[PDB]
Amino acid sequence: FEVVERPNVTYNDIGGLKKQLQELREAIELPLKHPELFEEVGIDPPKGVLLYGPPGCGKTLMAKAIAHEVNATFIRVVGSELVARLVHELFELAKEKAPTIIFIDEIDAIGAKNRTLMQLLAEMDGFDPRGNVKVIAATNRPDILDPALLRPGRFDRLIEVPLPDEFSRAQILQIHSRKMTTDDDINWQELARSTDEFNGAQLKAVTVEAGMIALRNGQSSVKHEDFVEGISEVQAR
Amino acid sequence: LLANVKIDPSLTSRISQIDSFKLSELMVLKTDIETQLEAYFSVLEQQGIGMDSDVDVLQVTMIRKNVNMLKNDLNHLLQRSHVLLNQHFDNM
Ligand SMILES: Nc1ncnc2c1ncn2[C@@H]1O[C@H](COP(=O)(O)OP(=O)(O)OP(=O)(O)O)[C@@H](O)[C@H]1O
């Protein structure tokens, strides 16, 4: 599985998702920076937080930004690529490189309603909250999950991570345009309208498509027309 | 009952060089990968089955697995193409 010592991704790299990201920080960032306070008042922080929503909406992005802001190790697992030994080994490493944010992608692929599943429940009952290992899970179908995962002391904190709304889309386009010279007359709002029902991944792929055309034209920056051809290009996929 | 799929020459070789390609090569590659996926998708249309008898299932199982590997590669292509692209405008 993929391990990143300390990912260099700030909250500044996440377009929109303000309410959710704050919910996440209340659930993970807070008990990490000040675990004693949760002991003083005497309440356990959530061991696991489930991020459900469509793909390319920034579930991974959120989990990496937390791991960044909290100076932790980021260890990611792909749920389909697990399809039990490896789960134990995982959490073992996770404890070893603490602080650690474990990100279980495609958790539904192993947690529908077997050996590997049971292991994950064990590992999470294992380590205790206030501890410096926290779990974040990502899925499409929270409906399809086995109710053992959502029971307290596991993934007992749920956060919807939906598609970018008209405005969130503007940010995401700009976000991937930052390291990239851009004309001052560029209409970011018109772009947000033409990218109806787009996701973060696709919106990033627009900026990649735009900067290509500008380069192909030997422009010194990316013009608004480039982006629209980019959106045009991206639409066909 | 497909036989009309276009085939990707030197693809698995070019795919493995994404991190070491220049931008122009990535552009040609991206276009080629997409051309391959268009052919795969035409087929997923003919069965009328989206990406989500017994010799049916096996092909569809493989068809899907192929697209996903292609999508995972094209994704990598763009993440790298993006970084190289960002280096161009910081260069300036
Ligand atoms: N809100 C966002 N702001 C900026 N970029 C985004 C956002 N959401 C997604 N992206 C871009 O989309 C790509 C995929 O993002 P990410 O993997 O975080 O989404 P995800 O929901 O975790 O996808 P998956 O379903 O594969 O887990 C990333 O390269 C990221 O740059």
# chains A, B, ... in the order shown; residues from 1 in each chain; ligands from 1

call {"tool": "residues_near_ligand", "arguments": {"ligand": "ligand 1", "cutoff": "6 Å", "atoms": "only C-alpha atoms and all ligand atoms", "output": "list in words"}}
result
residues 13, 14, 15, 16, 55, 56, 57, 58, 59, 60, 61, 105, 172, 200, 201 and 204 of chain A

call {"tool": "residues_around", "arguments": {"residues": "residue B:43", "least_positions_apart": "5", "cutoff": "12 Å", "atoms": "only C-alpha atoms", "output": "PyMOL selection string"}}
result
chain B and resi 1-6+36-38+48-51+59-60+63-64+67

call {"tool": "write_last_selection", "arguments": {"atoms": "C-alpha atoms", "output": "PDB file, in the first residue's frame"}}
result
ATOM      1  CA  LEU B   1     -18.635 -10.277 -30.400  1.00  0.00           C
ATOM      2  CA  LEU B   2     -16.080  -7.534 -30.910  1.00  0.00           C
ATOM      3  CA  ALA B   3     -13.203  -7.703 -33.395  1.00  0.00           C
ATOM      4  CA  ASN B   4     -13.205  -4.059 -34.385  1.00  0.00           C
ATOM      5  CA  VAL B   5     -11.250  -2.713 -31.420  1.00  0.00           C
ATOM      6  CA  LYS B   6      -8.222  -0.685 -32.424  1.00  0.00           C
ATOM      7  CA  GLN B  36      -8.046   3.060 -27.097  1.00  0.00           C
ATOM      8  CA  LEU B  37     -10.708   3.847 -24.477  1.00  0.00           C
ATOM      9  CA  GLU B  38     -13.134   5.092 -27.154  1.00  0.00           C
ATOM     10  CA  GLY B  48     -25.619  -2.259 -23.250  1.00  0.00           C
ATOM     11  CA  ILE B  49     -23.838  -2.945 -19.987  1.00  0.00           C
ATOM     12  CA  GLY B  50     -22.141  -0.162 -18.070  1.00  0.00           C
ATOM     13  CA  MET B  51     -18.889  -0.560 -16.154  1.00  0.00           C
ATOM     14  CA  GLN B  59     -15.002 -10.834 -21.468  1.00  0.00           C
ATOM     15  CA  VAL B  60     -16.903  -8.026 -19.727  1.00  0.00           C
ATOM     16  CA  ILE B  63     -12.979  -5.343 -20.739  1.00  0.00           C
ATOM     17  CA  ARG B  64     -13.668  -3.455 -17.494  1.00  0.00           C
ATOM     18  CA  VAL B  67     -10.373   0.289 -19.049  1.00  0.00           C
TER      19      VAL B  67
END

call {"tool": "residues_around", "arguments": {"residues": "residue A:118", "least_positions_apart": "5", "cutoff": "12 Å", "atoms": "only C-alpha atoms", "output": "PyMOL selection string"}}
result
chain A and resi 84-85+87-88+110-112+123-125+146+148-149

call {"tool": "select_by_dssp", "arguments": {"residues": "stretch 90-195 of chain A", "states": "alpha helix (DSSP H)", "output": "PyMOL selection string"}}
result
chain A and resi 90-96+115-126+166-175+188-194

call {"tool": "residues_around", "arguments": {"residues": "stretch 126-136 of chain A", "least_positions_apart": "4", "cutoff": "10 Å", "atoms": "only C-alpha atoms", "output": "PDB file with N, CA and C atoms, in the first residue's frame"}}
result
ATOM      1  N   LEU A  24     -14.671  17.581   9.683  1.00  0.00           N
ATOM      2  CA  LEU A  24     -13.575  16.625   9.743  1.00  0.00           C
ATOM      3  C   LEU A  24     -12.540  17.044  10.777  1.00  0.00           C
ATOM      4  N   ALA A  27     -13.322  16.456  14.246  1.00  0.00           N
ATOM      5  CA  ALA A  27     -13.394  15.041  14.589  1.00  0.00           C
ATOM      6  C   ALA A  27     -12.013  14.400  14.666  1.00  0.00           C
ATOM      7  N   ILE A  28     -11.055  14.974  13.946  1.00  0.00           N
ATOM      8  CA  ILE A  28      -9.710  14.410  13.888  1.00  0.00           C
ATOM      9  C   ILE A  28      -8.625  15.386  14.353  1.00  0.00           C
ATOM     10  N   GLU A  29      -8.600  16.582  13.769  1.00  0.00           N
ATOM     11  CA  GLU A  29      -7.578  17.575  14.100  1.00  0.00           C
ATOM     12  C   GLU A  29      -7.608  17.989  15.567  1.00  0.00           C
ATOM     13  N   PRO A  31      -8.980  16.398  18.438  1.00  0.00           N
ATOM     14  CA  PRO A  31      -8.517  15.425  19.438  1.00  0.00           C
ATOM     15  C   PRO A  31      -7.037  15.085  19.336  1.00  0.00           C
ATOM     16  N   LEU A  32      -6.427  15.395  18.201  1.00  0.00           N
ATOM     17  CA  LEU A  32      -5.003  15.151  18.019  1.00  0.00           C
ATOM     18  C   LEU A  32      -4.165  16.250  18.670  1.00  0.00           C
ATOM     19  N   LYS A  33      -4.488  17.501  18.360  1.00  0.00           N
ATOM     20  CA  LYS A  33      -3.740  18.636  18.890  1.00  0.00           C
ATOM     21  C   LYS A  33      -3.888  18.813  20.403  1.00  0.00           C
ATOM     22  N   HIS A  34      -4.994  18.334  20.961  1.00  0.00           N
ATOM     23  CA  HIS A  34      -5.264  18.514  22.388  1.00  0.00           C
ATOM     24  C   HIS A  34      -6.035  17.346  23.012  1.00  0.00           C
ATOM     25  N   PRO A  35      -5.464  16.131  22.956  1.00  0.00           N
ATOM     26  CA  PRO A  35      -6.156  14.926  23.434  1.00  0.00           C
ATOM     27  C   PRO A  35      -6.563  14.987  24.905  1.00  0.00           C
ATOM     28  N   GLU A  36      -5.809  15.727  25.712  1.00  0.00           N
ATOM     29  CA  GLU A  36      -6.102  15.862  27.139  1.00  0.00           C
ATOM     30  C   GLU A  36      -7.479  16.465  27.408  1.00  0.00           C
ATOM     31  N   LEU A  37      -7.874  17.420  26.571  1.00  0.00           N
ATOM     32  CA  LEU A  37      -9.155  18.105  26.721  1.00  0.00           C
ATOM     33  C   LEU A  37     -10.329  17.138  26.596  1.00  0.00           C
ATOM     34  N   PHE A  38     -10.184  16.145  25.726  1.00  0.00           N
ATOM     35  CA  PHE A  38     -11.205  15.117  25.563  1.00  0.00           C
ATOM     36  C   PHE A  38     -11.213  14.163  26.751  1.00  0.00           C
ATOM     37  N   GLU A  39     -10.115  14.147  27.501  1.00  0.00           N
ATOM     38  CA  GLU A  39     -10.047  13.367  28.730  1.00  0.00           C
ATOM     39  C   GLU A  39     -10.540  14.167  29.937  1.00  0.00           C
ATOM     40  N   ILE A  43     -14.738  12.709  27.074  1.00  0.00           N
ATOM     41  CA  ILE A  43     -15.474  12.178  25.932  1.00  0.00           C
ATOM     42  C   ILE A  43     -14.509  11.695  24.858  1.00  0.00           C
ATOM     43  N   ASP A  44     -14.781  10.503  24.344  1.00  0.00           N
ATOM     44  CA  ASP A  44     -13.945   9.891  23.323  1.00  0.00           C
ATOM     45  C   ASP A  44     -14.164  10.524  21.951  1.00  0.00           C
ATOM     46  N   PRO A  45     -13.069  10.864  21.262  1.00  0.00           N
ATOM     47  CA  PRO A  45     -13.169  11.302  19.867  1.00  0.00           C
ATOM     48  C   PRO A  45     -13.487  10.124  18.955  1.00  0.00           C
ATOM     49  N   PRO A  46     -13.992  10.394  17.742  1.00  0.00           N
ATOM     50  CA  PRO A  46     -14.303   9.283  16.838  1.00  0.00           C
ATOM     51  C   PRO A  46     -13.028   8.601  16.353  1.00  0.00           C
ATOM     52  N   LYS A  47     -12.987   7.273  16.425  1.00  0.00           N
ATOM     53  CA  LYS A  47     -11.834   6.526  15.931  1.00  0.00           C
ATOM     54  C   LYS A  47     -11.779   6.566  14.415  1.00  0.00           C
ATOM     55  N   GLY A  48     -12.946   6.495  13.788  1.00  0.00           N
ATOM     56  CA  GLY A  48     -13.020   6.494  12.343  1.00  0.00           C
ATOM     57  C   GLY A  48     -14.072   7.440  11.806  1.00  0.00           C
ATOM     58  N   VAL A  49     -13.742   8.117  10.711  1.00  0.00           N
ATOM     59  CA  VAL A  49     -14.692   8.986  10.034  1.00  0.00           C
ATOM     60  C   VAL A  49     -14.888   8.508   8.604  1.00  0.00           C
ATOM     61  N   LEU A  50     -16.143   8.342   8.204  1.00  0.00           N
ATOM     62  CA  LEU A  50     -16.448   7.857   6.867  1.00  0.00           C
ATOM     63  C   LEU A  50     -16.802   9.002   5.926  1.00  0.00           C
ATOM     64  N   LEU A  51     -16.042   9.120   4.844  1.00  0.00           N
ATOM     65  CA  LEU A  51     -16.298  10.136   3.834  1.00  0.00           C
ATOM     66  C   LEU A  51     -16.956   9.484   2.625  1.00  0.00           C
ATOM     67  N   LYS A  59     -12.071  13.419  -1.477  1.00  0.00           N
ATOM     68  CA  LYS A  59     -12.060  12.660  -0.231  1.00  0.00           C
ATOM     69  C   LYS A  59     -10.631  12.362   0.195  1.00  0.00           C
ATOM     70  N   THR A  60      -9.813  11.974  -0.774  1.00  0.00           N
ATOM     71  CA  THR A  60      -8.394  11.750  -0.549  1.00  0.00           C
ATOM     72  C   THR A  60      -7.742  13.075  -0.178  1.00  0.00           C
ATOM     73  N   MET A  62      -8.961  15.708   1.281  1.00  0.00           N
ATOM     74  CA  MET A  62      -9.259  16.070   2.666  1.00  0.00           C
ATOM     75  C   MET A  62      -8.381  15.316   3.656  1.00  0.00           C
ATOM     76  N   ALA A  63      -8.225  14.016   3.432  1.00  0.00           N
ATOM     77  CA  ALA A  63      -7.479  13.163   4.349  1.00  0.00           C
ATOM     78  C   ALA A  63      -5.989  13.474   4.334  1.00  0.00           C
ATOM     79  N   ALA A  67      -3.675  15.168   7.451  1.00  0.00           N
ATOM     80  CA  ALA A  67      -2.375  14.567   7.746  1.00  0.00           C
ATOM     81  C   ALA A  67      -1.256  15.605   7.655  1.00  0.00           C
ATOM     82  N   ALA A  72       1.331  14.395  10.310  1.00  0.00           N
ATOM     83  CA  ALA A  72       1.232  12.949  10.481  1.00  0.00           C
ATOM     84  C   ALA A  72       1.612  12.165   9.233  1.00  0.00           C
ATOM     85  N   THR A  73       1.804  10.864   9.413  1.00  0.00           N
ATOM     86  CA  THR A  73       2.064   9.965   8.300  1.00  0.00           C
ATOM     87  C   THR A  73       0.741   9.639   7.618  1.00  0.00           C
ATOM     88  N   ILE A  75      -1.136   6.953   5.321  1.00  0.00           N
ATOM     89  CA  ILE A  75      -1.075   5.605   4.776  1.00  0.00           C
ATOM     90  C   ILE A  75      -2.409   5.237   4.144  1.00  0.00           C
ATOM     91  N   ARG A  76      -2.386   5.016   2.835  1.00  0.00           N
ATOM     92  CA  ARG A  76      -3.598   4.789   2.058  1.00  0.00           C
ATOM     93  C   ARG A  76      -3.735   3.344   1.593  1.00  0.00           C
ATOM     94  N   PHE A  91      -2.061  -1.574  10.212  1.00  0.00           N
ATOM     95  CA  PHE A  91      -2.248  -0.877  11.476  1.00  0.00           C
ATOM     96  C   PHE A  91      -0.976  -0.942  12.304  1.00  0.00           C
ATOM     97  N   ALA A  94       1.113   1.604  10.990  1.00  0.00           N
ATOM     98  CA  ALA A  94       0.455   2.860  11.315  1.00  0.00           C
ATOM     99  C   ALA A  94       0.798   3.321  12.724  1.00  0.00           C
ATOM    100  N   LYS A  95       0.855   2.373  13.651  1.00  0.00           N
ATOM    101  CA  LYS A  95       1.246   2.662  15.022  1.00  0.00           C
ATOM    102  C   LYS A  95       2.731   3.010  15.073  1.00  0.00           C
ATOM    103  N   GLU A  96       3.521   2.314  14.259  1.00  0.00           N
ATOM    104  CA  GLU A  96       4.967   2.496  14.239  1.00  0.00           C
ATOM    105  C   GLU A  96       5.392   3.880  13.757  1.00  0.00           C
ATOM    106  N   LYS A  97       4.660   4.427  12.793  1.00  0.00           N
ATOM    107  CA  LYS A  97       5.004   5.726  12.222  1.00  0.00           C
ATOM    108  C   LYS A  97       4.116   6.856  12.732  1.00  0.00           C
ATOM    109  N   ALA A  98       3.528   6.656  13.907  1.00  0.00           N
ATOM    110  CA  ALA A  98       2.638   7.642  14.514  1.00  0.00           C
ATOM    111  C   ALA A  98       3.328   9.005  14.652  1.00  0.00           C
ATOM    112  N   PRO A  99       2.573  10.109  14.499  1.00  0.00           N
ATOM    113  CA  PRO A  99       1.137  10.212  14.198  1.00  0.00           C
ATOM    114  C   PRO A  99       0.788   9.743  12.787  1.00  0.00           C
ATOM    115  N   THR A 100      -0.378   9.121  12.636  1.00  0.00           N
ATOM    116  CA  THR A 100      -0.754   8.499  11.371  1.00  0.00           C
ATOM    117  C   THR A 100      -2.235   8.637  11.021  1.00  0.00           C
ATOM    118  N   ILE A 101      -2.506   9.029   9.780  1.00  0.00           N
ATOM    119  CA  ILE A 101      -3.866   9.064   9.259  1.00  0.00           C
ATOM    120  C   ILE A 101      -4.044   7.924   8.262  1.00  0.00           C
ATOM    121  N   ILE A 102      -4.789   6.898   8.662  1.00  0.00           N
ATOM    122  CA  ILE A 102      -5.040   5.760   7.786  1.00  0.00           C
ATOM    123  C   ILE A 102      -6.234   6.062   6.888  1.00  0.00           C
ATOM    124  N   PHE A 103      -6.022   5.999   5.580  1.00  0.00           N
ATOM    125  CA  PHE A 103      -7.084   6.300   4.631  1.00  0.00           C
ATOM    126  C   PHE A 103      -7.501   5.056   3.864  1.00  0.00           C
ATOM    127  N   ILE A 104      -8.668   4.524   4.206  1.00  0.00           N
ATOM    128  CA  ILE A 104      -9.186   3.338   3.539  1.00  0.00           C
ATOM    129  C   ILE A 104     -10.094   3.746   2.391  1.00  0.00           C
ATOM    130  N   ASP A 105      -9.567   3.630   1.177  1.00  0.00           N
ATOM    131  CA  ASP A 105     -10.311   3.960  -0.025  1.00  0.00           C
ATOM    132  C   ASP A 105     -11.119   2.741  -0.426  1.00  0.00           C
ATOM    133  N   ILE A 107     -13.661   1.343   0.761  1.00  0.00           N
ATOM    134  CA  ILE A 107     -13.956   0.467   1.895  1.00  0.00           C
ATOM    135  C   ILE A 107     -15.137  -0.476   1.635  1.00  0.00           C
ATOM    136  N   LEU A 120     -10.524  -5.771  10.309  1.00  0.00           N
ATOM    137  CA  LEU A 120     -10.605  -4.317  10.406  1.00  0.00           C
ATOM    138  C   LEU A 120     -11.358  -3.871  11.657  1.00  0.00           C
ATOM    139  N   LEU A 121     -12.441  -4.571  11.983  1.00  0.00           N
ATOM    140  CA  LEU A 121     -13.189  -4.281  13.204  1.00  0.00           C
ATOM    141  C   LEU A 121     -12.288  -4.483  14.418  1.00  0.00           C
ATOM    142  N   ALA A 122     -11.529  -5.575  14.406  1.00  0.00           N
ATOM    143  CA  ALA A 122     -10.605  -5.891  15.489  1.00  0.00           C
ATOM    144  C   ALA A 122      -9.574  -4.784  15.677  1.00  0.00           C
ATOM    145  N   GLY A 153     -17.342   3.478  18.113  1.00  0.00           N
ATOM    146  CA  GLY A 153     -15.994   3.004  18.366  1.00  0.00           C
ATOM    147  C   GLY A 153     -15.309   2.586  17.083  1.00  0.00           C
ATOM    148  N   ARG A 154     -16.007   2.771  15.969  1.00  0.00           N
ATOM    149  CA  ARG A 154     -15.447   2.496  14.656  1.00  0.00           C
ATOM    150  C   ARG A 154     -15.677   3.703  13.762  1.00  0.00           C
ATOM    151  N   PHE A 155     -16.314   3.490  12.617  1.00  0.00           N
ATOM    152  CA  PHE A 155     -16.697   4.610  11.772  1.00  0.00           C
ATOM    153  C   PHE A 155     -18.043   5.164  12.218  1.00  0.00           C
ATOM    154  N   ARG A 157     -18.727   8.428  12.594  1.00  0.00           N
ATOM    155  CA  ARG A 157     -18.816   9.831  12.210  1.00  0.00           C
ATOM    156  C   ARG A 157     -18.893   9.924  10.691  1.00  0.00           C
ATOM    157  N   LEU A 158     -20.005  10.437  10.177  1.00  0.00           N
ATOM    158  CA  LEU A 158     -20.249  10.414   8.736  1.00  0.00           C
ATOM    159  C   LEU A 158     -20.296  11.815   8.133  1.00  0.00           C
TER     160      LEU A 158
END

call {"tool": "interface_residues", "arguments": {"of": "chain B", "to": "chain A", "cutoff": "10 Å", "atoms": "only C-alpha atoms", "output": "PyMOL selection string"}}
result
chain B and resi 23-24+27+34+37-38+75+78-83+85-90+92

call {"tool": "atom_distance", "arguments": {"atom1": "atom CA of residue A:236", "atom2": "atom CA of residue A:183"}}
result
25.7 Å

call {"tool": "residues_around", "arguments": {"residues": "residue B:32", "least_positions_apart": "4", "cutoff": "12 Å", "atoms": "only C-alpha atoms", "output": "mmCIF file with N, CA, C and O atoms, in the first residue's frame"}}
result
data_model
loop_
_atom_site.group_PDB
_atom_site.id
_atom_site.type_symbol
_atom_site.label_atom_id
_atom_site.label_comp_id
_atom_site.auth_asym_id
_atom_site.auth_seq_id
_atom_site.Cartn_x
_atom_site.Cartn_y
_atom_site.Cartn_z
ATOM 1 N N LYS B 6 -9.502 -1.154 -31.940
ATOM 2 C CA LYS B 6 -8.222 -0.685 -32.424
ATOM 3 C C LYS B 6 -7.255 -1.091 -31.331
ATOM 4 O O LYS B 6 -7.639 -1.197 -30.172
ATOM 5 N N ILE B 7 -5.992 -1.277 -31.679
ATOM 6 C CA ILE B 7 -5.038 -1.847 -30.742
ATOM 7 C C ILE B 7 -3.965 -0.824 -30.450
ATOM 8 O O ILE B 7 -3.648 0.001 -31.301
ATOM 9 N N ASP B 8 -3.438 -0.850 -29.231
ATOM 10 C CA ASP B 8 -2.502 0.176 -28.805
ATOM 11 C C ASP B 8 -1.058 -0.289 -28.885
ATOM 12 O O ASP B 8 -0.549 -0.940 -27.973
ATOM 13 N N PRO B 9 -0.399 0.039 -30.004
ATOM 14 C CA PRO B 9 0.986 -0.360 -30.219
ATOM 15 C C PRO B 9 1.918 0.425 -29.318
ATOM 16 O O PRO B 9 1.741 1.639 -29.148
ATOM 17 N N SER B 10 2.876 -0.283 -28.725
ATOM 18 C CA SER B 10 3.923 0.334 -27.918
ATOM 19 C C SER B 10 3.360 1.072 -26.714
ATOM 20 O O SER B 10 4.063 1.844 -26.067
ATOM 21 N N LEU B 11 2.119 0.749 -26.370
ATOM 22 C CA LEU B 11 1.403 1.430 -25.309
ATOM 23 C C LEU B 11 1.994 1.093 -23.950
ATOM 24 O O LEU B 11 2.498 1.976 -23.258
ATOM 25 N N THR B 12 1.961 -0.186 -23.585
ATOM 26 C CA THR B 12 2.452 -0.624 -22.283
ATOM 27 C C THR B 12 3.908 -0.211 -22.071
ATOM 28 O O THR B 12 4.368 -0.100 -20.937
ATOM 29 N N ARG B 14 5.201 2.763 -23.597
ATOM 30 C CA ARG B 14 5.065 4.209 -23.430
ATOM 31 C C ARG B 14 4.425 4.574 -22.092
ATOM 32 O O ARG B 14 4.804 5.562 -21.463
ATOM 33 N N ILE B 15 3.449 3.776 -21.671
ATOM 34 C CA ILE B 15 2.776 3.965 -20.389
ATOM 35 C C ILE B 15 3.739 3.937 -19.208
ATOM 36 O O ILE B 15 3.633 4.744 -18.285
ATOM 37 N N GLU B 25 5.582 14.275 -25.939
ATOM 38 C CA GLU B 25 5.367 12.834 -25.944
ATOM 39 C C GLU B 25 4.122 12.460 -25.146
ATOM 40 O O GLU B 25 3.394 11.537 -25.513
ATOM 41 N N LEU B 26 3.898 13.172 -24.046
ATOM 42 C CA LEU B 26 2.718 12.964 -23.210
ATOM 43 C C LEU B 26 1.434 13.319 -23.950
ATOM 44 O O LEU B 26 0.386 12.717 -23.716
ATOM 45 N N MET B 27 1.525 14.301 -24.842
ATOM 46 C CA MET B 27 0.359 14.767 -25.585
ATOM 47 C C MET B 27 -0.074 13.706 -26.586
ATOM 48 O O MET B 27 -1.257 13.384 -26.697
ATOM 49 N N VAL B 28 0.902 13.164 -27.306
ATOM 50 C CA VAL B 28 0.672 12.076 -28.245
ATOM 51 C C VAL B 28 0.158 10.836 -27.521
ATOM 52 O O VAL B 28 -0.736 10.143 -28.008
ATOM 53 N N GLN B 36 -7.862 4.435 -27.541
ATOM 54 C CA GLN B 36 -8.046 3.060 -27.097
ATOM 55 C C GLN B 36 -9.337 2.934 -26.288
ATOM 56 O O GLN B 36 -10.136 2.026 -26.515
ATOM 57 N N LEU B 37 -9.521 3.842 -25.331
ATOM 58 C CA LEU B 37 -10.708 3.847 -24.477
ATOM 59 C C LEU B 37 -12.015 4.071 -25.241
ATOM 60 O O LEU B 37 -13.044 3.493 -24.890
ATOM 61 N N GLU B 38 -11.978 4.908 -26.276
ATOM 62 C CA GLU B 38 -13.134 5.092 -27.154
ATOM 63 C C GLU B 38 -13.580 3.768 -27.756
ATOM 64 O O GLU B 38 -14.778 3.496 -27.865
ATOM 65 N N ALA B 39 -12.610 2.948 -28.144
ATOM 66 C CA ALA B 39 -12.904 1.645 -28.720
ATOM 67 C C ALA B 39 -13.497 0.700 -27.678
ATOM 68 O O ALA B 39 -14.446 -0.027 -27.965
ATOM 69 N N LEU B 70 -6.292 1.395 -17.899
ATOM 70 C CA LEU B 70 -6.054 2.496 -18.824
ATOM 71 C C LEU B 70 -6.372 3.838 -18.181
ATOM 72 O O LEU B 70 -5.660 4.821 -18.381
ATOM 73 N N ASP B 73 -3.747 4.720 -15.658
ATOM 74 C CA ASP B 73 -2.568 5.183 -16.377
ATOM 75 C C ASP B 73 -2.763 6.605 -16.906
ATOM 76 O O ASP B 73 -1.889 7.458 -16.742
ATOM 77 N N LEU B 74 -3.900 6.849 -17.556
ATOM 78 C CA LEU B 74 -4.213 8.180 -18.071
ATOM 79 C C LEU B 74 -4.277 9.196 -16.941
ATOM 80 O O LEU B 74 -3.886 10.350 -17.109
ATOM 81 N N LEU B 77 -0.860 9.998 -16.166
ATOM 82 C CA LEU B 77 -0.360 10.826 -17.256
ATOM 83 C C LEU B 77 -0.657 12.297 -17.000
ATOM 84 O O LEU B 77 0.187 13.157 -17.237
#
